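Visitor: So I pulled this structure from the PDB, and the sequence comes with it:
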Amino acid sequence: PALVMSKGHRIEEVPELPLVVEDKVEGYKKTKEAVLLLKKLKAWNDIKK
Amino acid sequence: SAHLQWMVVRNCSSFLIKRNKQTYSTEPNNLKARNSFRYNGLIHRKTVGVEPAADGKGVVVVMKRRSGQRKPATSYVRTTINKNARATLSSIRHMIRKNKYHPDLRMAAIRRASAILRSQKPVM
Amino acid sequence: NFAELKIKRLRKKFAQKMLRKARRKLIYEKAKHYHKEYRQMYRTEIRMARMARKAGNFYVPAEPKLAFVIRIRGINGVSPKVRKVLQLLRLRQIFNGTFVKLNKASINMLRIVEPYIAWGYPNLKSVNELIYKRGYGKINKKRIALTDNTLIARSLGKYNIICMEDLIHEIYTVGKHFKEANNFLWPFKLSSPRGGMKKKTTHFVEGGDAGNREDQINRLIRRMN
Amino acid sequence: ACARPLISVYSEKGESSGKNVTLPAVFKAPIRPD
Amino acid sequence: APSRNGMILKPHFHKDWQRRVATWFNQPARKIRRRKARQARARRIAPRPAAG
Amino acid sequence: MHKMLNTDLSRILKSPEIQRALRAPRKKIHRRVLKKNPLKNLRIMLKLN
Amino acid sequence: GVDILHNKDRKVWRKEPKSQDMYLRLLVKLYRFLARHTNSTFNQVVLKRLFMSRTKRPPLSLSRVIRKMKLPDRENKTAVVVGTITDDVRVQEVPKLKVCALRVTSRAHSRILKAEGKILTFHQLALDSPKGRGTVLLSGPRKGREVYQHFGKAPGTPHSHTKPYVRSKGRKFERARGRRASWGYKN
Amino acid sequence: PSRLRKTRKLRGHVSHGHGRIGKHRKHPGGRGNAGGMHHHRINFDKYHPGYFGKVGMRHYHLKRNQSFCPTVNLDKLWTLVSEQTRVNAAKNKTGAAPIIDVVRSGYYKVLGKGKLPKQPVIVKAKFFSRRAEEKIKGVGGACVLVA
RNA sequence: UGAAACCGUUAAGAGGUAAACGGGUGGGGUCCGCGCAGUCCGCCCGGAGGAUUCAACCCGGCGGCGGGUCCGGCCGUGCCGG
RNA sequence: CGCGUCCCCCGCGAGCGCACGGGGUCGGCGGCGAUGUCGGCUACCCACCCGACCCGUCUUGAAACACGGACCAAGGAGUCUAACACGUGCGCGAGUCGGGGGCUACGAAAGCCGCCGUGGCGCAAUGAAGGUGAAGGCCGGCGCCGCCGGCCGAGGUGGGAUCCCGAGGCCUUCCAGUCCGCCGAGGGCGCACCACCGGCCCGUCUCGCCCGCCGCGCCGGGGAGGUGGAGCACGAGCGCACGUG
RNA sequence: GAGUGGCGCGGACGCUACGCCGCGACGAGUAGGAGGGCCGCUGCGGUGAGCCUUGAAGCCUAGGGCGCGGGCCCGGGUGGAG
């Protein structure tokens, strides 16, 4: 995560660097589900950047 | 490892800021704020960082914990010291020496902490 | 325990001190010997010339062993044979100086770079002045000033030349290790002659300031040192 | 190195469920910027 | 005019070659149109083998 | 395959195997010395002769 | 104002590897320290060889490393290559060898580990043997390359067995005049 | 890469690195391989000997497939089969020699450059050298021919 | 948007070796230092004010190391078994 | 400038201080201070002393009575493609490479095929050609066999970075001494590479003697000694990218 | 070097290792060759949680400076969208 942070990705709240999410991410069908997932995994502050 | 992911970010990092024959790095745990293998706040297992507090008064001493380092939400322990100037610095010297946690960053951390306290101190 | 440890380090320091004092005493007593060697050397030729003149015969003394060579002319417009001999003597610059010991081989090398050098037979004083004031060693091929005796001792320790008085003795009284003591000395960067020259281009005999100046080289050494 | 640690797997609510996958050796490949 | 030791070359470029340069920017659109015509035929001769 | 497996030369160069088989550091700086003419300067002439 | 020729004042050898390979660059960092801080000459030789171009650190064949480690006193000593260890397929028996090399090819790995042989890396050679004690440093054939046939005297000089640059080879490709006394001459 | 080139460091320099006394003129020694026997005689005689003249017989219609004969040596002969065959051939006690069809591997002729490991073998090649054959009699083997 | 060449006018200075140029100063302008009683920094001493204030000892939570060699886990460009 | 001891003649005192001592310091001073003065080198104008011919270009030689140039702005000249050679970086390595083909917004990209390596270059040369096509001694039986066999087997000399052994030695008031680490007399294994002598393969010449058989012949194979080759003598190549010619 | 026998909780700077430091000698140059450019121009992939109608580019300037130089950075004016 030293190399990723030096790219400028704002990931000081991601619980794990690999962020291997569940397999029902692929079953999603709305951008409201996709943003809410990124909010809960705390990767949203990269999208705000 | 430290020397490996130094040779990647020594010239080609987001934080690197070259101008006027001067090279700094705007890293969240760099203290002395310069492009080095020592003071880089992202490379190492052990890292010390001194910030001004969330409010006006006090400082915040940031210690990177040994255990989980691919685990960035739990990697850093933040403590606040809102004491007098001597008792603020004495706490930092006792956090860095008496844990044997980067003894080469002891004097640089006390100089930075003193500068933060002198900054948040009114002008006549 | 450490009482033992620092006691041992104190002993080893004191051992190093007494080794310094023993060497220092050797430098003092060798300088006192060389003084006595020089005075009896000086007296002898006055004695031998007197006893010769008393009988009514002549005393031809020893033809001198040591020469001091000064380059007087510069780098521009110079023959290739004159170039090679000048850089074999190490006179690669105008107003450079080296000692060369006289044999048959060196005199026939001197007389073919004759108009470019002003050379002669030096005095004990001149040899003292040159090696004390302009003395630099060729230590690691670097021109380093001979400020201490631990330069000469560390370089020329094998030939039993351990101080400046040893160096000056081996140069003056052309000894065994003249080669390794002369090649140790970096060529002497002398000043311009204070009072000027007579004439650079021509021989000493015909008014000028080139060629062999037998005992008169010491006067040129004063004005350039 | 030859340390393949035990990477966790997160729910859709951003919390570590007990399910674990071993970090594949692709991530231990020699990182070459050149 | 030859410089030193080096191979003795005969480039076949004495004619008006620049007029007859055939450039392959067609290629990925040529592959797509072939794959298109292929699937079209494979669907046309419907239960029969695609190769023929 | 890696060209060196263990890339932590922090640990390697202070490890007892390597540190055992080294020679002591020469950490003292020797600046140039000003040449004092010992024919004028008595003590320097005493330091030599 | 001194007569020196400055032609040969600069020395034209390598102080650093041209390569921006970081793993190679950390090995060079690691062996600059050992070249400086030991009276070992092995570490000075290995450091110097880490700088050299691929055409100067050639591939050592497995059969050369079998032969040069079966010699009389090379018993249970480490075979050190700075280049690469390529498999030789024409050799049948491979003894137990202890190999340290930058690259080793997939066939030569699987071959040397088939026996009791062990394959090191240079970070391991430093921890195992800092001064290079109990090592045999080997080089591959440096005039192996095709390029050297074309070098020396000019092809078409008397007693020059030098390979000339021809487009193709046949009967009408540089066989006629100065190659037979039938046609004009021959050297 | 136009940045790394020599042109970019001749900007300012007058002749652009082609001299002042002799210019960069167009074709001052003729075009291509001209002047071969005249004013480029030394270059041709010195670096390209035997260039001019005729040698040998002309073969009008030449087909390269009739003269197709790829070679293998005894060095690399056991590599056309598995290591399994070589191991199990020594491991077997009946004296059974494994059969190496050389034309299956895509070589017609067997040449005899190599040392051979000591076990019996049959070689089904289209051609054979003398020393190639002798070495397989020496190891204690057969030379079956293929049409 | 409004360049340069070139021209008009306003101000300053100068002017018989065509002008212009490099080096060294002197003289006068134009603005600038937002100049013009002049450095802050440690610790100690010498006086005087203030503040609810140290050292120690309870209760809690967090972190470091090594627990030389506890107990349980997971990994292995490790190896021996079924 | 102690004796307790080693000859021929007569191993740790204690302080304090001055300094011609591995490159300058003062524990010395004195002025002047708000629209009239202090500093400001560079930069605007002027004066004075010294120096000072107008650039470009071809030339042995340019300030030239050599040519081009009245002045200003914008444009304006070693490029791209193919080929080759050598250096250099990267990947795989006796290999290597899908470039043509096929498969399943960015994307005409990227990914994949291996029973898509046809093929290219490489791993074998030499001859015009038909063709041929790359190491051996010894030990018995048949001071000898064409062979039956048997053991072992990719040369030698000289120089060679490193490596290896170690005659001895590296201390604290001694004497033995044990373990590691270290220096070194002398003596060995010798990398790459260079020079030399051997040898093997192809062409061709000289001299000579034996062997084989489904085909006894203008059949086929073999030996010794020189000699011609872009050769072998335990591989370095291929692909990509950059540089100069 | 190592073993067995005879009170006070303290200690400047450092080490972009492609960095920092020490010592010695040297420095003309056309054609020509090489290196280093934190010299400059225009566009593409990344990146600066960059700058900008509280005024971008551009242009003018007896303003303040930096660099051996290529050049550059600030001040004032004009200008109006990058």
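Guide: Sure thing, it's come through. Numbers count the residues shown, from 1 in each chain, chains lettered A, B, ... in the order given.
Visitor: and residue 5, what is it in contact with?
Guide: Since you didn't name a chain, this refers to chain A. Residue A:5 makes contact with A:11-12, B:14, B:42, B:72 under the criterion CB atoms under 8 Å, 6 or more residues apart in numbering or on different chains. For every residue, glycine as well, the C-beta is placed using N, CA and C.
Visitor: To clarify, I was referring to chain E.
Guide: G:150, G:154-155, G:164-165, H:47.
Visitor: Let's see which of those end up in strands.
Guide: When the contacts of residue E:5 are checked against strands (DSSP state E), there are no matches.
Visitor: out of the contacts of residue A:5, who's nearest chain E?
Guide: Checking these against chain E by CB to the nearest CB gives residue B:14 as the nearest, at 36.0 Å.
Visitor: State the number of residues packed around that closest one.
Guide: Neighbours of residue B:14 under the rule other CB atoms under 10 Å in any protein chain shown: 14.
Visitor: Regarding it, what is its secondary structure?
Guide: Secondary structure, DSSP: H, G, I helix; E, B strand; the rest coil: residue B:14 is coil.
Visitor: In space, what's closest to it - neighbours in sequence excluded?
Guide: Once flanking residues are discounted, residue B:14 sits nearest to residue A:8: 3.6 Å by CB to CB, 6 or more residues apart in numbering or on different chains.
Visitor: Wasn't the one you found part of a strand?
Guide: No. Counting by three-state DSSP, residue A:8 falls outside a strand, being coil.
Visitor: ok, it touching residue B:12?
Guide: No. Assessed by CB atoms under 8 Å, residue A:8 is found out of contact with residue B:12, at 11.8 Å.
Visitor: so who does the nearest residue to residue B:7 once chain neighbours are set aside touch?
Guide: Nearest residue to residue B:7, sequence neighbours excluded (CB to CB, 6+ apart): residue G:22, at 4.0 Å. Contacts for residue G:22 (CB under 8 Å, 6+ apart) come out as B:4, B:7-8, D:32-34.
Visitor: Dump these to a markdown table, plus neighbour count, distance to RNA strand J and secondary structure.
Guide: Formatted as a markdown table, the contacts of residue G:22 follow (neighbours: other CB atoms under 10 Å in any protein chain shown; distance: CB to the nearest atom of the strand, whole Å; DSSP: H, G, I helix; E, B strand; the rest coil):
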| residue | neighbour count | distance to RNA strand J | secondary structure |
| --- | --- | --- | --- |
| B:4 | 19 | 15 | coil |
| B:7 | 19 | 14 | coil |
| B:8 | 17 | 16 | coil |
| D:32 | 11 | 7 | coil |
| D:33 | 12 | 11 | coil |
| D:34 | 9 | 6 | coil |
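Visitor: Would you mind putting the residues you listed into TSV with distance to residue G:100 alongside?
Guide: Shown next, in TSV, are these (distance: CB to CB, whole Å):
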residue	distance to residue G:100
B:4	21
B:7	22
B:8	26
D:32	22
D:33	26
D:34	23
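Visitor: Between those, which sits nearest RNA strand K?
Guide: residue B:7 (6.8 Å; CB to the nearest atom of the strand).
Visitor: Residue G:29 versus that closest one, what's the distance?
Guide: Distance, residue B:7 to residue G:29, using CB to CB, to the nearest Å: 9 Å.
Visitor: Repeat that for residue B:18.
Guide: To residue G:29, residue B:18 is 23 Å away according to CB to CB.
Visitor: what's the answer for residue C:216, then?
Guide: Applying CB to CB to residue C:216 and residue G:29 gives a distance of 64 Å.
Visitor: of all of chain B, which residue lies closest to chain C?
Guide: Closest approach between chain B and chain C, counting by CB to the nearest CB: residue B:100, at 23.5 Å.
Visitor: What of chain F?
Guide: Distances between chain F and chain C by CB to the nearest CB are smallest at residue F:35, namely 4.2 Å.
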